[PDB]
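Asks: The structure that follows is given in the form of C-alpha cells.
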Amino acid sequence: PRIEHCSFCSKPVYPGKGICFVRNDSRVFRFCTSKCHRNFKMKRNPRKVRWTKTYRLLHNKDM
Amino acid sequence: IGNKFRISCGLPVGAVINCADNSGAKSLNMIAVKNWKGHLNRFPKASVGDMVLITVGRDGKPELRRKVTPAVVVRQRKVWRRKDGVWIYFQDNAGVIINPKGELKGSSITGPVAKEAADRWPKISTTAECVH
Amino acid sequence: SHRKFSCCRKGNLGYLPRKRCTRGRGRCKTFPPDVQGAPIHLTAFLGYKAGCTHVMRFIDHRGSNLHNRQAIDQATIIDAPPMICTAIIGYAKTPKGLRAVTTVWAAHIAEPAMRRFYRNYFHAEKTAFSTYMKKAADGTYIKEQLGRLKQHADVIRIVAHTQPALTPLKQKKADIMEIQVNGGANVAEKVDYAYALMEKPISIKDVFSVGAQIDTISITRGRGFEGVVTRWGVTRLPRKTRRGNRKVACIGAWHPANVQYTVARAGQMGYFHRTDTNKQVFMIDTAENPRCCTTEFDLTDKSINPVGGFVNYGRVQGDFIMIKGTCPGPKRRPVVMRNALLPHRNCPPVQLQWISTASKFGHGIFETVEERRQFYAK
RNA sequence: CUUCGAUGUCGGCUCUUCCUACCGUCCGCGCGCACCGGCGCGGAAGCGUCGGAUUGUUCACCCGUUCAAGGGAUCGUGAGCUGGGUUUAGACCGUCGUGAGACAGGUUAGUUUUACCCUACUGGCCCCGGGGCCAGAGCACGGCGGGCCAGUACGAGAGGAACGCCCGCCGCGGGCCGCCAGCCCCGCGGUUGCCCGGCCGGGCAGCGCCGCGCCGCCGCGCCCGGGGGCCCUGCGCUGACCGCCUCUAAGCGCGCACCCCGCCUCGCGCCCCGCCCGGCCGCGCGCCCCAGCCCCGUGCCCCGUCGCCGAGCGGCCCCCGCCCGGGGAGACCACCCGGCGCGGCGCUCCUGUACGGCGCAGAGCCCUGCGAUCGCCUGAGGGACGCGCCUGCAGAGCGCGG
RNA sequence: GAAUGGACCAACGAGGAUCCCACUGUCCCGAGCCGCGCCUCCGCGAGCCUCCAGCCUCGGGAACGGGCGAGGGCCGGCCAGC
RNA sequence: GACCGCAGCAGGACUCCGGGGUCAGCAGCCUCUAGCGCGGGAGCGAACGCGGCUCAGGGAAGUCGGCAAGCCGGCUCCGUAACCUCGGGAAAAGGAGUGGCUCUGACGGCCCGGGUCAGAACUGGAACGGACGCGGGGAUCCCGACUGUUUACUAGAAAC
C-alpha cells in the first residue's frame with residue numbers, strides 16, 4: 001500500500017496509523033506512534049535512541 | 001463554499017488564536033462561531049475552516065481593535081481525523097481576518113494553512129504558501 | 001414554574017426498562033418481509049464477533065466530497081462457523097397471531113445441538129429424541145409431518161445449530177436459531193426447499209451477499225451497576241457540592257408525590273439486547289484461503305488473521321463476514337445478523353483497496369510474521 | 001377558611017413532567033400577497049427557544065449566533081445542593097430620638113441536623129428443558145444549510161423564488177474501539193534522600209518523583225438513525241331540501257412536524273417440540289337482512305328434573321435440578337459457559353539495548369593504578385492478563401436433591 | 001464635613017471591592033486509576049422513632065386524604081441503591 | 001499508655017535527657033539505640049462517598065464571587081519601577097545557571113590541619129532545589145496608621 005515513514009523513528013507507517021504535524025517551517029512531520037511524537041516534542045535527539053534508524057545508522061547496524 | 005466534513009473542534013469561545021495575515025492584528029479572541037445553534041450550558045466551539053467572530057487584542061493596531069471582526073481559523077493544535085484516516089495537528093492555533101463575502105483583509109497568509117480551510121474559502125487557498 | 005432554559009430529556013425512554021437481558025442471546029424477533037417473489041433465501045445467520053479492523057476503500061458517492069476519493073473505515077469481522085439445519089418449523093397465521101403448527105426434527109441430531117439440551121452432558125442420561133430417532137430413521141414419518149406443514153403453515157422457518165468446535169470459544173454446546181425461509185412462490189415450494197437444506201451445512205456466502213446491508217443483533221457489553229452520570233448522561237454537579245456531584249439533584253416535584261419512571265435512576269448499565277441496522281457487508285470470504293483478504297496493492301498473501309491473533313478471540317479458521325463500522329456486543333459474543341428491514345438507499349458501492357492484518361495486540365507495523373522477521377532479520 | 005407541643009423562606013444549579021392563551025418548523029386559507037419579504041386567521045404542543053457582559057436577581061438591559069413564544073407543578077425542586085439574597089447575636093456610616101435605641105436607609109462578618117423504616121422509583125433475587133409466539137407496557141428522529149433547479153419563474157428594474165433529487169451539518173438517540181487522543185495492577189527505562197558493606201540486585205519515602213506503556217475502559221474518535229394507517233383544519237367531487245345555486249343533507253376523493261400502529265425495549269403468560277405421550281371434564285353450530293321484513297308475530301323453556309354408552313369435536317391437568325469452577329457476566333445473587341485450571345513453550349507486543357566480559361574509547365590524573373561515561377557481544381535483556389500449542393501436572397463427587 | 005474630628009496612604013493587613021499576566025477539570029464535557037469505607041461472610045451488636053395502616057386518580061371535606069364517595073391498579077416475601 | 005472529661009473517649013494534661021545521614025536547620029524525609037504490631041478478622045474489587053493522582057485542545061467562557069485546585073518557590077548571579085513619613089517599596093517585576101566525574105586555583109598553623117569558595121574540561125534520551133523542603137506576580141479603590149486584642153462553642157473585623 002502507499003506508505004510513509006516516521007520523521008523520527010524511520011519505520012514505515014502503515015496506512016491509517018500515525019499523526020502528522022505541520023511545523024511552522026511548512027514541513028509535514030509524519031509520526032508512526034505517540035512515542036515517535038513525544039520524543040520529538042521533548043526535542044530528545046533521534047541519534048541517542050537505539051530503536052531509531054538514525055541510531056541504527058550511527059551504530060552502522062542498519063544503514 | 002461546498003459542504004464541510006465534520007472535524008474535531010479544538011478552539012472553544014474565549015480562545016485567543018494568532019493572526020496568520022499581515023492585517024496588523026497579532027491576537028484574535030473568539031467571541032463566537034458563525035452558524036451555531038446552542039444547547040443549554042454549551043459554549044460555542046470551532047475548528048479549521050469555520051468562520052469565527054473575533055475581536056483584536058490590545059497588542060493589535062488601534063484601528064483594528066474595539067470592533068467585532070469575522071475571521072476563519074486556518075490552524076488548530078487539536079488533532080482531527082480526515083475521511084482518508086489521516087490524523088493531522090498543527091504547532092499553533094491561528095486565524096486570518098476575512099469578510100463573510102470571502103475578501104481577505106490581508107495581502108499574505110503566513111505559515112502552513114489546513115486543506116479544509118483552503119477548500120472552503122477560495123481567497124485563502126490562492127494566498128496560502130503551503131496547504132499541508 | 002418552568003425549566004427556564006430549554007433542555008431535552010437525557011436518554012431514550014424507548015430503551016427502558018434498562019435490565020440485563022434475560023433472553024440468552026440476541027433474538028431475531030421480527031424477520032424480513034417475505035416479498036413472495038424472489039429466489040428462496042434464508043434471512044439470518046448467527047456469528048461470533050471476532051474483531052475490528054481498518055479497510056481502505058474507494059468511494060463512488062456522486063454528489064459527495066468523497067466522490068472519486070479514498071477512505072479508511074472501521075470494519076467489524078463477525079466469525080461465521082458454517083451452521084447446519086436440524087429441523088423445520090411451520091407457523092399458521094391465526095387470528096391471535098402467528099402460532100406454530102408442529103416442527104419436524106432431523107433424523108440425526110448432532111452432538112453440539114444435543115449438548116445445548118443439557119446443563120451437564122457427562123452427568124446427564126443423553127435421553128433426548130430417543131424415541132424420536134426410532135419414530136423417524138425410516139423417514140416416512142418425517143415426510144408425513146412435513147406434509148402437515150405444507151397445508152397448515154403459511155410462514156416456514158428452518159431450525160439451525162452453530163458448531164462451536166470450529167470456533168475459538170469454549171461454548172461446546174450449540175446455539176439454535178429459527179431462520180425464516182422467504183421469497184418462494186408458494187408454501188409447498190418453501191417446505192420442499194427446506195428438505196434439501198435439512199441435515200446439511202449453510203454458509204454465510206449463501207445467506208448474505210457483499211454490498212448488501214445487514215442488521216446486527218446482540219447483547220451489549222456490560223458495565224454493572226453504573227451511576228446516573230454514566231448510565232443516563234446527566235451532568236456532574238458543581239464540585240462545591242456536599243454529599244456528591246455524581247447524582248441527579250432533584251428527582252421530581254412535590255406532586256406527583258411519587259418518583260416518575262422518566263426520572264434517571266442508577267441501575268444496571270450493559271448486557272442489553274440491541275439491534276443495530278444497515279451495516280454494509282464489506283467482504284464475505286473464508287480464512288482457509290491464504291489470499292482471502294489480499295488486494296492488488298499489498299502484493300502479500302494476507303489471510304484475515306492479524307499477526308498474533310485476534311485480541312480476546314482466536315483462530316477464525318472458517319468463513320467470515322465483514323460489516324461496515326461496529327455491531328453491538330463484546331468480542332466472543334453471539335451476534336444474529338439478519339437481512340436489513342429498512343436499508344439505506346444512497347449507500348456507495350464497496351471496493352476495498354487495502355485491509356489491515358497488522359497486529360491489533362499492541363501497535364503493529366508488520367502485516368505478516370515473515371514481514372516482521374525480515375525487518376529484525378539478524 | 002386551614003396551619004404557630006414549627007409544613008425551613010428568595011433566586012440559581014440539577015433534573016423531570018405538564019399546559020396552549022403558537023415564536024420558528026408542519027398543514028391549509030385570506031391580504032391594501034407580482035417576486036422577495038412581511039401580516040392576519042383556523043388546525044397543530046412532535047422538535048427548537050441557545051453562548052455570554054453588569055446584577056443575589058426573577059426581571060431588566062446589552063452583545064453575539066441556525067436571531068431565540070409564554071406559562072403550571074406547596075410562587076415545582078434545602079435529610080438534593082448553594083448560602084449569593086434575605087433574616088439573630090459583632091461592627092461602621094447617614095438620618096431620627098435627651099437617651100436606651102430606631103430605620104419600610106445603605107455597608108461588611110456571620111453552623112446549613114438526622115433515612116437503617118414505610119411507600120414510590122431504579123435495577124437484583126425467591127430450583128425446573130430447547131426453540132419461539134403475543135396480551136400488556138415503554139417508545140424517537142427532528143431541524144438547518146449547501147449542490148443542482150436558475151440568476152430561471154416573477155418583475156420596468158432593484159431584486160429574487162419553488163417542487164424534486166442529491167450531499168453535508170447541528171442537536172439528540174442507541175452502540176463500538178480499527179485509528180487517534182485520554183488513563184494505567186504492580187510492565188520496562190530514568191532518577192533524589194536513606195538503608196541493605198561497595199558492584200549487582202533490592203527495600204523504605206502510605207504508587208518518592210519521572211518518561212513511556214499492552215490487555216481493558218473511555219471521547220475529543222468511529223459506526224448507525226429514509227415507514228405505513230385513519231383522518232384534523234379544510235380543499236375539492238357528484239348532489240339536493242330551497243326547478244336555480246350549492247364541499248353536505250345522504251353519498252365521495254385528497255389530506256398535518258399532530259395522532260395511532262410498525263420497527264424497536266421489556267414482557268405476564270401461552271404455543272410447538274423433546275423426555276414422555278398418561279389421566280380429568282363437557283355435550284351445543286346455517287347464513288344474511290331490517291325502506292322486502294319473501295311470509296315474520298316463533299323457539300328453547302328439565303344441568304338432574306334421569307341426561308350420563310360410544311364416537312365426534314372441543315377443552316383441562318402432568319412433566320423438565322443443583323452445589324462447584326471459570327467468564328464475554330457480576331454489590332449479593334442471577335446470567336453465560338465447563339473434566340476446569342496451575343506453569344511452561346513458541347508467536348506477537350511493551351520498554352529501549354540487561355549482568356558481565358572485552359577495547360589502542362575516555363576528560364584527565366597517576367603508575368598499571370584511578371575514572372562519570374562511550375562502543376561491541378545486543379532492535380538486546382527483562383516483562384505480559386492477547387493468541388497458538390502440551391511438552392508437564394492435572395481436571396467430569398454415589399456430595400446434595402428430585 | 002472639620003478631636004459627634006475633616007482631608008490625606010508611605011508601610012502594613014487570614015480586612016472589604018475591581019481588573020490584568022500567569023496558571024489550572026472552575027467549566028466546555030467529562031474520562032480512567034489508586035487506597036479506605038460500602039457490599040458479602042465470621043464474631044459482636046445498639047440508637048432513633050412508632051394511633052393504626054402503609055398504591056394511585058379525581059370529588060367532597062378544618063378549602064393540600066393512606067383511610068371518606070367514585071373509578072383504576074395490586075400474590076406474598078427480601079437486597080442494593082435512592 | 002493507670003490523671004481529667006460517664007469509656008480500653010482520632011479530647012485535653014507541666015517538666016528533664018536528647019544519637020546518625022541529607023541539610024541553613026531542633027524543618028521535612030529515611031535510620032542507630034529503646035519501644036513495639038494499637039474496640040477484631042476474611043473475601044470481593046458494583047454504584048456512591050471519602051481522601052489521593054492523571055487528563056487531548058481551550059483556558060474562568062464556570063461561579064454570587066478564580067471557592068477549590070493549579071502556578072511560584074532552595075541556592076547563586078544578573079536585573080530591579082512608580083511611589084515614599086527617605087527608613088522602605090524589594091524576594092518588586094523580569095531573567096540565567098544548578099547533576100555526575102576528572103582536575104586547577106584561593107584560605108591557616110609550624111609538613112601539619114579545615115572543607116568552604118571560585119575556575120575549568122569531559123560526560124549524559126535536550127538532564128540536575130531530579131524525593132523532600134519550599135512566595136505566584138502586577139495595577140488600583142475603600143476602611144483601619146502600624147505590632148498587638150476580641151465575642152471559650154456560628155462575626156477575628158472596617159470593631160477594641
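All residue names refer to the C-alpha cells as shown: chains lettered A, B, ... in order, residues numbered from 1 in each chain, ligands numbered from 1 in order.
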Show me, as JSON, numbers by chain, the residues of chain E whose atoms get within 10 Å of chain B, using only C-alpha atoms (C1' of nucleotides) for the distance check.

Replies: {"E": [27, 28, 29]}

Asks: Select from region 160-299 of chain C everything DSSP, run on the backbone, classes as strand (DSSP E or B), then give the selection as a PDB file with C-alpha atoms, in the first residue's frame.

Replies:
```pdb
ATOM      1  CA  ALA C 160     -30.218 -24.367  12.685  1.00  0.00           C
ATOM      2  CA  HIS C 161     -27.293 -25.120  15.047  1.00  0.00           C
ATOM      3  CA  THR C 162     -23.843 -23.480  15.167  1.00  0.00           C
ATOM      4  CA  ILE C 176     -30.211 -22.950  17.968  1.00  0.00           C
ATOM      5  CA  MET C 177     -31.901 -20.312  15.737  1.00  0.00           C
ATOM      6  CA  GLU C 178     -35.173 -20.438  13.680  1.00  0.00           C
ATOM      7  CA  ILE C 179     -34.015 -18.857  10.329  1.00  0.00           C
ATOM      8  CA  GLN C 180     -37.103 -17.918   8.218  1.00  0.00           C
ATOM      9  CA  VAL C 181     -37.386 -19.163   4.593  1.00  0.00           C
ATOM     10  CA  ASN C 182     -38.667 -16.304   2.371  1.00  0.00           C
ATOM     11  CA  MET C 198     -32.098 -30.462   6.054  1.00  0.00           C
ATOM     12  CA  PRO C 201     -24.433 -27.122   6.137  1.00  0.00           C
ATOM     13  CA  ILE C 202     -25.417 -23.470   5.354  1.00  0.00           C
ATOM     14  CA  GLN C 213     -26.639  -4.113   4.369  1.00  0.00           C
ATOM     15  CA  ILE C 214     -27.473  -6.377   7.376  1.00  0.00           C
ATOM     16  CA  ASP C 215     -28.910  -5.651  10.865  1.00  0.00           C
ATOM     17  CA  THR C 216     -26.722  -6.970  13.705  1.00  0.00           C
ATOM     18  CA  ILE C 217     -28.458  -8.060  16.986  1.00  0.00           C
ATOM     19  CA  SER C 218     -26.576  -8.944  20.214  1.00  0.00           C
ATOM     20  CA  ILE C 219     -26.389  -8.364  23.999  1.00  0.00           C
ATOM     21  CA  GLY C 224     -22.597  -3.443  36.029  1.00  0.00           C
ATOM     22  CA  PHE C 225     -24.342  -1.036  38.426  1.00  0.00           C
ATOM     23  CA  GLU C 226     -23.497   2.379  36.925  1.00  0.00           C
ATOM     24  CA  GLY C 267     -29.092   0.695  37.952  1.00  0.00           C
ATOM     25  CA  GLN C 268     -27.502  -1.884  35.616  1.00  0.00           C
ATOM     26  CA  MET C 269     -25.787  -0.452  32.501  1.00  0.00           C
ATOM     27  CA  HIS C 273     -30.348  -6.750  23.678  1.00  0.00           C
ATOM     28  CA  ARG C 274     -29.917  -4.048  20.995  1.00  0.00           C
ATOM     29  CA  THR C 275     -30.355  -4.286  17.187  1.00  0.00           C
ATOM     30  CA  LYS C 279     -24.253  -2.130   8.282  1.00  0.00           C
ATOM     31  CA  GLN C 280     -22.911  -2.852   4.743  1.00  0.00           C
ATOM     32  CA  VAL C 281     -21.331  -6.306   4.148  1.00  0.00           C
ATOM     33  CA  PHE C 282     -17.811  -5.277   3.001  1.00  0.00           C
ATOM     34  CA  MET C 283     -16.493  -8.810   2.356  1.00  0.00           C
ATOM     35  CA  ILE C 284     -17.555 -12.463   2.802  1.00  0.00           C
ATOM     36  CA  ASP C 285     -14.652 -14.953   2.430  1.00  0.00           C
ATOM     37  CA  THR C 286     -13.058 -17.962   4.215  1.00  0.00           C
TER      38      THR C 286
END
```

Asks: Just how far from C1' of residue 388 (chain D) is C1' of residue 346 (chain D), in Å to one decimal?

Replies: 8.1 Å

Asks: Quote the spacing between CA of residue 59 (chain B) and CA of residue 16 (chain B) in Å to one decimal place.

Replies: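 Separating CA of residue 59 (chain B) from CA of residue 16 (chain B) is a distance of 12.1 Å.
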
Asks: Restricting the calculation to only C-alpha atoms (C1' of nucleotides): of F:126, F:82, F:134, F:46, which residue gets closest to chain A?

Replies: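 Closest residue, counting only C-alpha atoms (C1' of nucleotides): F:126.
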
Asks: List as a PyMOL selection string the protein and nucleic acid residues near residue 26 (chain A), meaning an atom at most 8 Å away when only C-alpha atoms (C1' of nucleotides) are counted, but skip any in the same chain fewer than 6 places from it.

Replies: chain B and resi 111-112+130+132

Asks: Within 8 Å of chain D, which residues belong to chain B? Use only C-alpha atoms (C1' of nucleotides) and report them as a compact mmCIF listing (two decimals) with N, CA and C atoms, in the first residue's frame.

Replies:
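File iface_19.txt, as written:
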```txt
# COMPACT_ATOMS: atom_id res chain seq x y z
N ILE B 1 -18.15 27.67 1.05
CA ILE B 1 -18.31 27.08 -0.31
C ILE B 1 -18.25 25.55 -0.18
N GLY B 2 -19.19 24.83 -0.80
CA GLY B 2 -19.21 23.36 -0.71
C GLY B 2 -19.78 22.89 0.61
N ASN B 3 -19.55 21.63 0.95
CA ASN B 3 -20.04 21.06 2.23
C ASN B 3 -18.83 20.64 3.07
N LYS B 4 -18.78 21.03 4.34
CA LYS B 4 -17.58 20.75 5.16
C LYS B 4 -17.79 19.47 5.95
N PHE B 5 -16.88 18.51 5.82
CA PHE B 5 -16.96 17.28 6.65
C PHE B 5 -16.64 17.66 8.09
N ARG B 6 -17.31 17.04 9.06
CA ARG B 6 -17.10 17.43 10.48
C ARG B 6 -15.65 17.17 10.87
N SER B 8 -12.81 17.67 14.35
CA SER B 8 -12.93 17.91 15.81
C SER B 8 -12.72 19.40 16.07
N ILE B 31 -15.04 35.51 19.91
CA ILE B 31 -16.31 35.89 20.56
C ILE B 31 -17.35 34.79 20.31
N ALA B 32 -17.45 34.28 19.08
CA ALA B 32 -18.49 33.28 18.74
C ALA B 32 -18.16 32.59 17.42
N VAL B 33 -18.99 31.63 17.00
CA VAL B 33 -18.78 30.91 15.71
C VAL B 33 -20.02 31.16 14.86
N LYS B 34 -19.84 31.35 13.55
CA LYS B 34 -20.99 31.53 12.64
C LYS B 34 -21.75 30.21 12.51
N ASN B 35 -23.06 30.26 12.27
CA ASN B 35 -23.90 29.05 12.15
C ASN B 35 -23.85 28.17 13.40
N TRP B 36 -24.04 28.75 14.59
CA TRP B 36 -24.11 27.91 15.81
C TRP B 36 -25.50 27.97 16.47
N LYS B 37 -26.18 26.83 16.62
CA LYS B 37 -27.46 26.75 17.37
C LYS B 37 -26.97 26.30 18.74
N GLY B 38 -27.67 26.64 19.83
CA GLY B 38 -26.96 26.26 21.06
C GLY B 38 -27.69 25.24 21.90
N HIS B 39 -26.99 24.66 22.86
CA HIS B 39 -27.68 23.77 23.83
C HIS B 39 -27.42 24.42 25.19
N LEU B 40 -28.31 24.23 26.16
CA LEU B 40 -28.11 24.96 27.42
C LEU B 40 -26.74 24.61 27.96
N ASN B 41 -25.95 25.60 28.35
CA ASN B 41 -24.63 25.38 29.00
C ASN B 41 -23.53 25.06 28.00
N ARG B 42 -23.81 24.96 26.70
CA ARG B 42 -22.72 24.57 25.78
C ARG B 42 -22.08 25.80 25.17
N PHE B 43 -20.80 26.02 25.46
CA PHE B 43 -20.06 27.15 24.87
C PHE B 43 -20.01 26.92 23.36
N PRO B 44 -20.04 27.92 22.44
CA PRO B 44 -19.79 27.63 21.02
C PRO B 44 -18.39 27.03 20.79
N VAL B 79 -5.72 17.49 17.27
CA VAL B 79 -5.63 16.57 16.10
C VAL B 79 -7.05 16.26 15.59
N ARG B 81 -9.56 14.02 12.42
CA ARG B 81 -9.48 12.85 11.52
C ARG B 81 -10.16 13.14 10.18
N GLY B 85 -8.47 8.91 6.84
CA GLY B 85 -7.90 8.31 8.05
C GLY B 85 -6.69 9.05 8.53
N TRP B 87 -4.63 11.63 10.54
CA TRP B 87 -4.83 12.44 11.76
C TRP B 87 -3.81 13.56 11.70
```

Asks: Set the cut-off to 7 Å and count only C-alpha atoms (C1' of nucleotides): what are the residues of chain D that reach chain C? Output as JSON, numbers by chain.

Replies: {"D": [14, 15, 16, 49, 72, 73, 76, 77, 80, 81, 120, 121, 122, 123, 129, 130, 133, 134, 138, 139, 166, 167, 173, 175, 176, 178, 214, 222, 223, 224, 226, 265, 266, 271, 272, 273, 274, 275, 328, 330, 337, 347, 348, 349, 379, 386, 387, 396]}

Asks: Any idea what's packed within 8 Å of residue 10 (chain A), counting only C-alpha atoms (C1' of nucleotides), ignoring anything in its chain fewer than 4 positions away? Could you give it as a list in words?

Replies: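 Once the nearby chain positions are removed, what remains is residues 5, 6, 52, 53 and 54 of chain A.
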
Asks: For a quick check of understanding, using only C-alpha atoms, which of A:30, A:48, A:41, A:23 has the smallest distance to residue 7 (chain A)?

Replies: A:30

Asks: For chain D, work out the contacting residues on chain A at 8 Å, counting only C-alpha atoms (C1' of nucleotides), and write them as a ChimeraX atom specification.

Replies: /A:16-19,35,49-51

Asks: How would the residues just picked look written out with N, CA and C atoms as a PDB file, in the first residue's frame?

Replies:
```pdb
ATOM      1  N   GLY A  16      -3.374   4.582   7.636  1.00  0.00           N
ATOM      2  CA  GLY A  16      -4.399   4.722   8.688  1.00  0.00           C
ATOM      3  C   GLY A  16      -3.829   4.707  10.091  1.00  0.00           C
ATOM      4  N   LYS A  17      -2.508   4.646  10.213  1.00  0.00           N
ATOM      5  CA  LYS A  17      -1.862   4.644  11.542  1.00  0.00           C
ATOM      6  C   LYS A  17      -0.897   5.820  11.600  1.00  0.00           C
ATOM      7  N   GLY A  18      -0.967   6.634  12.651  1.00  0.00           N
ATOM      8  CA  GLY A  18       0.017   7.718  12.816  1.00  0.00           C
ATOM      9  C   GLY A  18      -0.584   9.104  12.905  1.00  0.00           C
ATOM     10  N   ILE A  19       0.227  10.097  13.291  1.00  0.00           N
ATOM     11  CA  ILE A  19      -0.240  11.507  13.405  1.00  0.00           C
ATOM     12  C   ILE A  19       0.730  12.385  12.614  1.00  0.00           C
ATOM     13  N   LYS A  35       4.714   7.554  20.863  1.00  0.00           N
ATOM     14  CA  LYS A  35       6.118   7.581  21.327  1.00  0.00           C
ATOM     15  C   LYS A  35       6.986   8.324  20.309  1.00  0.00           C
ATOM     16  N   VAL A  49      18.628   7.424  20.654  1.00  0.00           N
ATOM     17  CA  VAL A  49      17.660   6.340  20.984  1.00  0.00           C
ATOM     18  C   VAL A  49      17.933   5.188  20.016  1.00  0.00           C
ATOM     19  N   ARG A  50      18.334   4.020  20.515  1.00  0.00           N
ATOM     20  CA  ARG A  50      18.806   2.906  19.647  1.00  0.00           C
ATOM     21  C   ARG A  50      17.752   2.370  18.679  1.00  0.00           C
ATOM     22  N   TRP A  51      16.479   2.324  19.064  1.00  0.00           N
ATOM     23  CA  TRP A  51      15.454   1.697  18.186  1.00  0.00           C
ATOM     24  C   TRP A  51      15.291   2.508  16.903  1.00  0.00           C
TER      25      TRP A  51
END
```

Asks: Would you give me, as a list in words, the residues of chain F that come within 12 Å of chain B, using only C-alpha atoms (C1' of nucleotides)?

Replies: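 Per the criterion, chain F yields residues 56, 57, 58, 59, 60, 61 and 62 of chain F.
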
Asks: Compile the contact shell of residue 185 (chain C) as a PyMOL selection string: residues with an atom at most 12 Å away, counting only C-alpha atoms (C1' of nucleotides), same-chain residues fewer than 3 positions apart removed.

Replies: chain C and resi 34-41+154+181-182+188-193

Asks: Could you please tell me, as a VMD selection string, which residues of chain F have an atom within 12 Å of chain A when using only C-alpha atoms (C1' of nucleotides)?

Replies: chain F and resid 124 to 127

Asks: List the spatial neighbours of region 57-73 of chain E as a list in words - criterion: any atom at most 12 Å away, only C-alpha atoms (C1' of nucleotides), same-chain residues fewer than 2 positions off excluded.

Replies: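 Listing them by chain and then by number gives residues 254, 255, 256 and 257 of chain C; 1, 2, 3, 7, 74, 118 and 119 of chain D; 52, 53, 54 and 55 of chain E.
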
Asks: Chain A residues within 7 Å of chain C, counting only C-alpha atoms: which ones, as a PyMOL selection string?

Replies: chain A and resi 1+13-14+16

Asks: Per residue of chain F within 10 Å of chain C, which atom pair is closest and at what distance in Å (one decimal), using only C-alpha atoms (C1' of nucleotides), listed by chain and increasing number, as JSON lines?

Replies:
```
{"residue": "F:46", "atom": "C1'", "partner": "C:225", "partner_atom": "CA", "distance": 5.4}
{"residue": "F:47", "atom": "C1'", "partner": "C:225", "partner_atom": "CA", "distance": 5.4}
{"residue": "F:48", "atom": "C1'", "partner": "C:244", "partner_atom": "CA", "distance": 7.8}
{"residue": "F:49", "atom": "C1'", "partner": "C:244", "partner_atom": "CA", "distance": 7.0}
{"residue": "F:62", "atom": "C1'", "partner": "C:238", "partner_atom": "CA", "distance": 8.8}
{"residue": "F:63", "atom": "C1'", "partner": "C:238", "partner_atom": "CA", "distance": 9.3}
{"residue": "F:67", "atom": "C1'", "partner": "C:240", "partner_atom": "CA", "distance": 7.5}
{"residue": "F:68", "atom": "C1'", "partner": "C:240", "partner_atom": "CA", "distance": 7.5}
```
